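Residue numbers (the deposited numbering), protein chains in the order written: chain E, 1 to 186, 191 to 255; chain A, -2 to 186, 191 to 255; chain C, 1 to 186, 191 to 255; chain H, 406 to 418; chain G, 406 to 419; chain M, 406 to 417.
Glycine included, each C-beta is placed from N, C-alpha and C at the ideal position.
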Amino acid sequence: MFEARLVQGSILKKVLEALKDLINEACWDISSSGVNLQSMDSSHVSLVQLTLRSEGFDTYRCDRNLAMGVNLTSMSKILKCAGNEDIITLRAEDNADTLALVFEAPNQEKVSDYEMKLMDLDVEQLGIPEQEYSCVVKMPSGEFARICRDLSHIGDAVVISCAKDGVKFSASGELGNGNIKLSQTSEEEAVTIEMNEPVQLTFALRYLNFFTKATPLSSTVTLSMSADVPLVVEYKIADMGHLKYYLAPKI
Amino acid sequence: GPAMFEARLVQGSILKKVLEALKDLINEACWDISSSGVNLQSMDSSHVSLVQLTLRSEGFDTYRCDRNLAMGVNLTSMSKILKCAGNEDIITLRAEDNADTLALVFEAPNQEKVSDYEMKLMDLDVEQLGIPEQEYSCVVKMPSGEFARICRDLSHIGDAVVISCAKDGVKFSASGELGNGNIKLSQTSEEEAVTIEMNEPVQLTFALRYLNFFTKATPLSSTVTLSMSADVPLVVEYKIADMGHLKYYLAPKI
Amino acid sequence: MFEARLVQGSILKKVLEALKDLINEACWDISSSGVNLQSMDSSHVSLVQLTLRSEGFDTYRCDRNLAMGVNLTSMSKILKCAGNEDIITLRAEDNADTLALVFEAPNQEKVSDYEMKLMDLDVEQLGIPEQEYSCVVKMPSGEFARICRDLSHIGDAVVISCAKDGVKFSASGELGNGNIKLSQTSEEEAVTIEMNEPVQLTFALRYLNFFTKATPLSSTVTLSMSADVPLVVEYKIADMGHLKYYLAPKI
Amino acid sequence: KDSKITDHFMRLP
Amino acid sequence: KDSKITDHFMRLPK
Amino acid sequence: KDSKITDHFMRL
């Protein structure tokens, strides 16, 4: 029997929105440490890895590991039926055929509760190595969201370049080309590079516009680049975990 | 010679809201004008639901009807016409007895502007229905937005809602391929409240497709009242502040 | 060679928004006095004429004439990548192959930098002399847009009638007909009618609903009418110029 | 599966 | 029934 | 051409 209570259920609502359009079905690795998801998209150009730690939940009790196969469209529909101030509670039992969700509005009169069928999945899990990165930018998520959306009208691939003065996003297409340069500043909506060596990777813009649907989870996004390694787009989830998107360069 | 029928409504948005509540559920309908007010009744083309509108003459700011008239109106064409009115306009209906057209006049309250439209009517034969008076097993009075949310949320879970009612609260439920869920309201202690008057426990099943048409009337009222008894249609009622009401009727299943 | 600077660049974004859908591609004539553009639409039923004076930019300098053929949708795409309070700058040199756009944020951390492929056009410029019009009416632009939009729900042609007291727009279709009458008043919300003799003309409404895209450029619109001649819907661009749409009448 | 509304209300004239 | 705007304005040359 | 995520991370 697994039962986790999270007062700020909006987090769980926001998480499904970030994922549902990129990956359709995924396995939810429940454990005594917390929740973990990892999956590739169907092209396997990108990978998303989710971490919710048991310390973040207001109440957590997991007696044995479960690997719940979820349809993320189906789960998103159920989370839609939850107000953004609802205290969400998850609950399953070890012979897992259904996952139970319980929404309570914090005025105490309304109590929804749903029940979602699982499915059979086999995760092609992957090994994510520990490594320092050549360049790590930490900028506002709003702006990074607009950079990627805007440049996608010029061309379908971004060139992101990085030096200790500022970072610059560029792209090209049939109609022309354009660049965007942002510098470091002088906390919340600021830009700070922790740079070690210059980098000039490019990434397909299609995917980062899926990634940036995670913007409601944090004011800040952090980028991580080295040559010939996958880029890491990181949205922290406050005092609880993170959501990491991995994007393979082209070369 | 004076108009056979002339009515002046200061809060003309009421008539804009009524036409959104209707146009998507029923396209053609019959407006019955008399000295006592306006009355319209129609089934949707599946004969599964029914709407009944009632605007008393007391509610208008000027009402005079010399003869009983029955105007066949394409509610879409009517809706287009009153979309052309501001939300604080003064709306005036006007008709000559054997009406070939209905006259609408939109007066802005600042006095800058005066629009007037004239709508062709059509020939229809209504199949009018007898609705008896009765006292219902269960009567819930919840806020209308809450009701509109529940019907829309549950409708992605499944095709049909089970409404069940005791005097602790009401429960809405549905199920489909992806799973199932249930929503439970309980009573309180103003217009965001939920009260029940209750004489015998109720549990019927209703097609949600229809209930999401009924909620187009949500702008008319903060509250909505639901009336249920075994094997008789559900009554979703929207009050039209001190003027009348708009009632949707929906038959249960099997 | 040519270098203009516009501090309130919302202006240039709005001008493109008000032209991209009526006219795909036009010629931009740049000179020392300012920008001048004239174009018909594809049907040759309407014509647009833009005028932006050098006096209105913050720094203007054009050493010689230049006939930039621009795709206006592709220009609108690029223009959307600027914020509403960005300081835009235009740049081009002798026989321009491309036009340069520079968007600067006013917080000064961001500098976007696009470059637009121009194209080859030979324009059919037309002679528009001065003339006085039997009726000119000055009303709010939001109203005239509201009226042209609503009347198209009724019928696909409008009858504008101006006389000594007020102006009347009218339409009629399969579902019925309607009239809208405005009268003189007693700044931004004022109707005024310069009447020389009565007018009653008929215009296709679908063209007018393109013209109304210029509504963000001014609180006010002025209609100019005489018998047997094109109507003139004109939106002034503050302290800088104007945008005028010419719409031929019906037969 | 749906009862029609004419199965609860009587048609007039 | 829409008149062309070239019926009210003449073309200026080269 | 895009490169893939499975060319950088390996099946565990």
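Exposed or buried, residue i, counting other C-beta atoms within 10 Å across all chains shown (16 or more means buried)?
i                      : result
residue 185 of chain A : exposed
residue 141 of chain C : buried
residue 58 of chain C  : exposed
residue 441 of chain H : It is not possible to answer for residue 441 of chain H, since the shown part of chain H is limited to 406 through 418.
residue 73 of chain E  : exposed
residue 91 of chain A  : buried
residue 8 of chain E   : buried
residue 32 of chain E  : exposed
residue 164 of chain E : exposed
residue 218 of chain E : buried
residue 234 of chain E : buried
residue 415 of chain M : exposed
residue 108 of chain E : exposed
residue 176 of chain A : buried
residue 243 of chain A : exposed
residue 200 of chain A : exposed
residue 106 of chain C : exposed
residue 202 of chain C : exposed
Note down, in chain order, each residue of its chain lying with its Cβ closer than 6 angstroms to the Cβ of residue i, except the 5 sequence neighbours on either side.
i                      : result
residue 94 of chain C  : 1
residue 137 of chain E : 167, 197 and 227
residue 115 of chain E : 98 and 100
residue 3 of chain A   : 61 and 91
residue 27 of chain E  : 67, 69, 121 and 123
Using CA atoms only, rank isn't needed, just tell me which of the options is closest to residue i.
i                      : options                       : result
residue 413 of chain H : A:120, A:63 and A:230         : A:230
residue 131 of chain E : E:3, E:4 and E:236            : E:236
residue 183 of chain A : A:79, A:161 and A:88          : A:161
residue 216 of chain A : A:52, A:248, A:192 and A:155  : A:248
residue 240 of chain E : E:5, E:14 and E:3             : E:14
residue 64 of chain E  : E:42, E:19, E:47 and E:96     : E:96
residue 17 of chain E  : E:201, E:80 and E:54          : E:80
residue 120 of chain C : C:225, C:98, C:36 and C:4     : C:98
residue 87 of chain C  : C:71, C:110, C:66 and C:75    : C:110
residue 153 of chain E : E:173, E:143, E:139 and E:102 : E:173
residue 410 of chain G : C:208, C:224, C:245 and C:191 : C:208
residue 117 of chain C : C:71, C:134, C:85 and C:135   : C:71
residue 52 of chain E  : E:23, E:6 and E:194           : E:6
Since residue i is in the beta strand (DSSP E), which residue starts that stretch and which ends it?
i                      : result
residue 229 of chain A : 224 to 229
residue 54 of chain E  : Per DSSP, residue 54 of chain E belongs to no beta strand (DSSP E) and is neither H nor E.
residue 72 of chain A  : Looking at the DSSP string, residue 72 of chain A is not in any beta strand (DSSP E); the run it does join, the alpha helix (DSSP H), is 72 to 80.
residue 115 of chain E : 111 to 117
residue 98 of chain C  : 98 to 104
residue 88 of chain A  : 87 to 92
residue 414 of chain G : Where residue 414 of chain G is concerned, there is no enclosing beta strand (DSSP E), given that its DSSP letter is neither H nor E.
residue 163 of chain E : 157 to 163
residue 26 of chain A  : 25 to 31
residue 5 of chain C   : 2 to 6
residue 173 of chain C : 166 to 173
residue 37 of chain A  : 34 to 40
residue 241 of chain E : 235 to 241
What are the start and end residues of the alpha helix (DSSP H) that includes residue i?
i                      : result
residue 144 of chain E : 141 to 151
residue 406 of chain G : First-last for residue 406 of chain G: undefined, no H or E at that position.
residue 14 of chain A  : 10 to 20
residue 210 of chain C : 209 to 215
Output needed for residue i: all residues of its chain with C-beta closer than 7 angstroms, excluding positions within five of it in sequence on either side, in chain order.
i                      : result
residue 149 of chain A : 213
residue 179 of chain C : 168 and 170
residue 204 of chain C : 159 and 161
Residues in its own chain within less than 8 angstroms of residue i by CB, not counting five upstream and five downstream?
i                      : result
residue 126 of chain A : 38, 40 and 47
residue 156 of chain A : 171, 173, 208, 209 and 210
Please compile the residues from chain F whose C-beta is within a distance smaller than 9 angstroms of the C-beta of residue i.
i                      : result
residue 185 of chain C : In summary, chain F is missing from the structure at hand, where the protein chains are E, A, C, H, G and M.
What residues in the stretch 125 to 144 of chain E have a beta carbon less than 9 angstroms from any beta carbon of chain C?
So the list reads 143, given in the order they occur along the chain.
Check distances from the C-beta atoms of the stretch 29 to 54 of chain C to those of chain G and list, in chain order, the residues that come in under 7 angstroms.
40, 44, 45, 46 and 47
Closer than 7 angstroms between beta carbons: that is the criterion. Which residues of the stretch 162 to 179 of chain A meet it against chain E?
175, 176, 177, 178 and 179
For the stretch 112 to 125 of chain A, which residues have a beta carbon sitting closer than 7 angstroms to at least one beta carbon of chain C?
112, 113, 114, 115, 116 and 117
When you check each C-beta in the stretch 70 to 87 of chain E against every C-beta of chain A, which residues fall closer than 8 angstroms?
Flagged, chain order: 71, 74, 77, 78, 80 and 81.
To be precise: take each residue of the stretch 8 to 32 of chain C, compare its Cβ to all Cβ atoms of chain E, and keep it if any distance is under 9 angstroms. Which residues remain?
none
Using Cβ-Cβ distances below 7 angstroms, what residues of the stretch 225 to 245 of chain E are close to chain C?
none
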